[PDB]
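Protein chains in written order, with our numbering: chain A, 8 to 291; chain B, 3 to 232; chain C, 8 to 122; chain D, 8 to 122; chain E, 17 to 355; chain F, 3 to 87; chain G, 51 to 102; chain H, 51 to 102. Each residue gets a CB set at the ideal place from its N, CA and C atoms; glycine is no exception. Data first, discussion second: the structure below is written as structure tokens.
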Ligand SMILES: Nc1ncnc2c1ncn2[C@@H]1O[C@H](COP(=O)(O)OP(=O)(O)OP(=O)(O)O)[C@@H](O)[C@H]1O
Ligand SMILES: [Mg+2]
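What follows is the structure, given as structure tokens:
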């Protein structure tokens, strides 16, 4: 033991607990901003996916590489992550689940191409040994699709030059203010829908310009919108996880204070007793 | 005064000073010190003081004793010895006083070991348990409301918060000395009256009154009068 | 000392001490921040140190009254084999509770089968 | 005292002490929570604090046997000038060791050129 | 940390009050006492102060009984119907002298080897400082004066070691007194001098000791600083905050900046009053930057230049009312036009 | 008392011994006042750098527990301190 | 409207000139105050020194 | 021209205030100078008068 050093540790832990409380404040405010931005993003992606859903079952159809169900030789993943710590184990769980599915493809002899949106993902997968083909880091407090387009542009080129056959996006769903889950979702080759063809409503704009080029542009927009909503939702999840972790750290700091103080009190009492015993005995 | 058959109140301005003066006298007499430097007869002197404050077949002496804990150490021999004799603990709070609630007694830290169903009565005991738990739950929801906001709460959660506010305000009381400080005439609430009031607030009656109806209003039957005017 | 006890025994004991000392150092980080902020290597050593601590236990014959478990006698070769196996990660796939109150490492594997 | 010493001298000393006091409180903050939790102004303060705490060091003629370097004597005016320059940011861009174990601030920029 | 400085500046500020002053130097080294004496005559009047000196080279009995002799000298004024102010520098060193005396006489030792009656040393030393009613002083003075009330204010000084407040002598003195001015060290090293610390430093006599204008203009300073303490911890690593909290934080930071001043510059009640008024009514809210010291100096210079009558009235009365409130508003409004 | 008397100290620590650093010498808490005079010229020359290197290595190692990426000047000193240890 | 713009502009320019006159006049007042107060303070301290 | 007149008025105000500022700072320098000179004069007189 020792009185001054224990009291120094008590002061330091007190200060750290106060700081963790403040960091919880910051995390909560950032979550508010992130969730309202998510609310803005939701309708646009929702409507666009409804569009492509009805295109999944239309008549007077024609082929498109992003539409057909081609075989899988290699798989692409668009991975979102934080660039910061103190967010609990969100990134770890998402990385583990992606590693599980990538292992499943590796069993089948199917290779994985990875594009990272965060620094933690870059570090984790370059040190573990995943083939990072694209990467962007440090997006900022307000993220924008403009900077994220580049990695998506690379992945799109990988698909449209024929090398990449199936493409997935991985992100954490903002299920609630206090609950989230990591997910892997089918992105580029169009997923299934429940419908039959709607024969007619208004005018078939299709052949006013070229159908192929316009459909190309539309599916570009579709993939970009999906990616943007995923990123925004993951930032909301990040703020939630950080606030939970900060609360836990605050409680643990209080727990250490209430015990270091017992050690300090016993130390003070014992020291005073020893010194007084020396004085009284030395009187002789 | 006890032998006259009365129930007397004995106020001790500080018992810690009695203990410390005992230490000083023992040091002057030259006797060897114990523990953290206290007198060898600390427990005996404390017992001699405390054992005389009891109820006799006629008359009684109840005592309120101001307690200071050295170095905020609840294991220090003077606090540890003193607590062995206390039957109840009343804590006064600057935070409660800042809200304007008087007397500024914190209900969560104050305790009494008379508060058992077979000692005070089952109804009174369960009422006290309900009040204490409700105020504790409000103390947690207050942190949550500060951090996130009131939009997160459910209707049950909101109702608990409202009833807790009403209870907190019903704890206040106008004193006769508080006439000069506030103008309120001052009142004396019986045990059954306060039990009935807090039972009523807990079980949902007077949920339709405003929370300011309970502030410094005395008994619940006067809270309804204040709400009638309000 | 390796001159009297042998090099394999000496190395195994020193490795156990090293791992457990590192675990003690990591405890104070874990206490405030939890296990998430550690390096992956640090998490590996945490898992192996916890498994080592569980494997140090042993049900004695003379303690069969307080517990109910049958007693166990373990030879030196068995115990150095077990700790050498844990240190180099041969048994990374088993849960921690498999190592609690078992004898040789084989017994821990059997316990892990029934969890 | 600003009366006993140059008023400039007093302000320089007060500023150095203020900066180093502000660093000590951040020591444990950064140690547990991480460097990048800081604001950019805080990170600027951290940089200047480390540079200042290096510039306090000095080789002595009588401490030459222990280290293997010549001894340095700095005039008071030069000391005030160097610390004023560091606090005002005139040498923000030099590395930490450019101030370590040197004499006047001119010697600091010479060693910075060598670095 | 400025204990001696605060004491001697109080003494210096009693140049023109009817309050006589006494400075007791216990264990102080001789040359420091000479420096303080030259400062006292240099920055004001030593004619109003009795200086009791017992350096480290004199016998333990003399040091032990120096504060009691000073107490007798102050008690003269106390019971003559006049007010006085006494400072006991390093009461801890008096306790040390008493320890030495007791141990050499073979008396039984106590907690920190101090004799059993060390509490009865400082307690009977300090309980002689009091305010006295008219009947006592009139009977004592045998009717020389009829209606006045004398007093002896005391400002003892204690040195803690590494800031340990639970030591025997400090805890005895803290129990004996009523209110303490706690001078924290890391605020002094930070340059915030004087380094008083709110929250731990209190005044048990309350606002009944303040004059009315100082009482009205100081109630919100307590609240602003209290809010600042907790919100500033959050300040260092936060942005995009609620503007109410932003303003609360920033106003706390600047009111903390305001409450600091040079050593030998004492401030009259009117000057302090108008500076606190500028802080409280928000005239600093748009000037929340490093200039605050120069701003205060310029405000004082301007007010001296053209609005002296209010200064005289406030210094004489200490009163406050609506007309005074509006006149202060006018002064600040006019000053904001100037440098 | 004994620490006050001698011309130097060599500190042996339980933590270092358990960690596997044997002999368990702690630099920065152990010094030799005779210093470079008590060495052959070659040993003087070479030991001069080691003394500062280890002491500042431990400071960097404490200061950078959690920064995943780092400036490679401090990376060089960190790795070199590990090598010398 | 252009006529109004010119009129208000001239008024504002003249107002700025008047404010400049007043501000610089207060600067001169401050200078005189500082100079003569410094002289008086110097004499006061000198007389105190010879008295001492 | 309306906005240019606004800018001109603000600029003229600030220029006049800075030109007052230079006077103030020069006066401060002069006060320090004259106080130092008077202190030296009185102090040397003290020395020689008390010696004689
Ligand atoms: N407001 C201030 N501005 C500048 N310096 C100050 C101020 N207040 C005090 N000081 C300085 O603090 C130093 C210590 O002052 P002081 O002697 O009053 O402290 P103390 O705590 O009583 O010390 P000690 O117990 O050593 O005598 C001095 O150098 C003094 O000039
Ligand atoms: Mg002092």
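- Between residue 87 of chain E and residue 171 of chain E the beta-carbon gap is near 13 Å, outside 8 Å, which marks them as no contact.
- Sequence-distant partners of residue 248 of chain A (beyond 5 residues in either direction) whose C-beta falls short of 6 Å from its own C-beta, in its chain, are 94, 95, 97.
- Under the 8 Å criterion on CB atoms, residue 60 of chain E is classed as non-interfacial with respect to chain B.
- Residue 285 of chain E sits close to residue 330 of chain E, with the two beta carbons spaced by under 8 Å.
- Bounds of the beta strand (DSSP E) holding residue 118 of chain A are 118 to 123.
- Think of a sphere of 9 Å around the beta carbon of residue 30 of chain B: the chain E residues whose beta carbon falls inside it are 123, 124, 131, 132, 133, in chain order.
- Contact annotation: in the region 15 to 49 of chain D, residues whose CB is within less than 8 Å of a CB in chain A are 32, 35, 36, 39, 40, 41, 43, 44.
- The C-beta separation of residue 271 of chain E from residue 241 of chain E comes to about 7 Å, placing the pair in contact by the 8 Å criterion.
- Chain D places no beta carbon closer than 8 Å to that of residue 259 of chain A, leaving this residue out of the contacts.
- In this structure residue 158 of chain A touches residue 143 of chain A by the C-beta definition: roughly 5 Å separates them, less than 8 Å.
- Note that the C-beta distance between residue 243 of chain E and residue 223 of chain E is not below 8 Å.
- Pairing residue 161 of chain E with residue 151 of chain E gives a Cβ-Cβ distance that is not under 8 Å.
- Boundaries of the beta strand (DSSP E) around residue 175 of chain A: 173 to 183.
- In the assembly as shown, residue 344 of chain E is a buried residue. Its beta-carbon has 16 or more other beta-carbons within 10 Å.
- The count of Cβ pairs closer than 8 Å, one atom from the region 63 to 70 of chain F and one from the region 26 to 42 of chain D, reaches three, so the stretches are in contact.
- Of the heavy atoms belonging to ligand 2, at least one sits nearer than 7 Å to the Cβ of residue 20 of chain E.
- When only Cα atoms are considered, residue 94 of chain C and residue 230 of chain A end up about 48 Å apart.
- Of the candidates E:184, E:122, E:296, the residue whose Cα lies closest to the Cα of residue 25 of chain B is E:184.
- Residue burial is scored here from C-beta neighbours: residue 171 of chain A has at least 16 other C-beta atoms within 10 angstroms and is therefore classed as buried.
- Under the 8 Å criterion on CB atoms, residue 156 of chain A is classed as non-interfacial with respect to chain E.
- In terms of side-chain proximity, the C-beta atom of residue 277 of chain E is found nearer than 7 Å to a non-hydrogen atom of ligand 1.
- Partner residues in a beta bridge of residue 54 of chain B, as assigned by DSSP, do not exist.
- When DSSP reads this structure, residue 13 of chain B sits in a beta bridge with B:66.
- The bridge partners DSSP lists for residue 116 of chain E come to none.
- When only Cα atoms are considered, residue 80 of chain C and residue 173 of chain A end up about 58 Å apart.
- Per DSSP, residue 66 of chain E lies in no alpha helix (DSSP H) segment; the continuous beta strand (DSSP E) that holds it begins and ends at 65 to 70.
- When C-alpha distances from residue 59 of chain B are compared across B:28, B:4, B:66, the shortest belongs to B:4.
- Taken in chain order, the whole alpha helix (DSSP H) runs of length 4 or more contained in the region 146 to 232 of chain E are 150 to 156, 184 to 192, 201 to 205, 228 to 232.
- The beta carbon of residue 46 of chain A does not come within 8 Å of any beta carbon belonging to chain E, so the residue lies off that interface.
- When secondary structure is reduced to three states using DSSP, residue 91 of chain A falls in the coil class, being assigned neither helix nor strand.
- For residue 22 of chain A, the chain D residues whose Cβ falls inside 8 Å of its Cβ are 32, 35, 36, in order along the chain.
- In this structure, residue 52 of chain H keeps its C-beta atom at 8 Å or more from the C-beta atom of residue 57 of chain G.
- Not a single CB atom of chain F sits nearer than 8 Å to the CB of residue 62 of chain D.
- In terms of side-chain proximity, the C-beta atom of residue 272 of chain E is found no nearer than 7 Å to any non-hydrogen atom of ligand 1.
- Between residue 36 of chain F and residue 71 of chain F, the C-beta spacing is not below 8 Å.
- Take the alpha-carbon of residue 264 of chain A and the one of residue 75 of chain B: they are about 14 Å apart.
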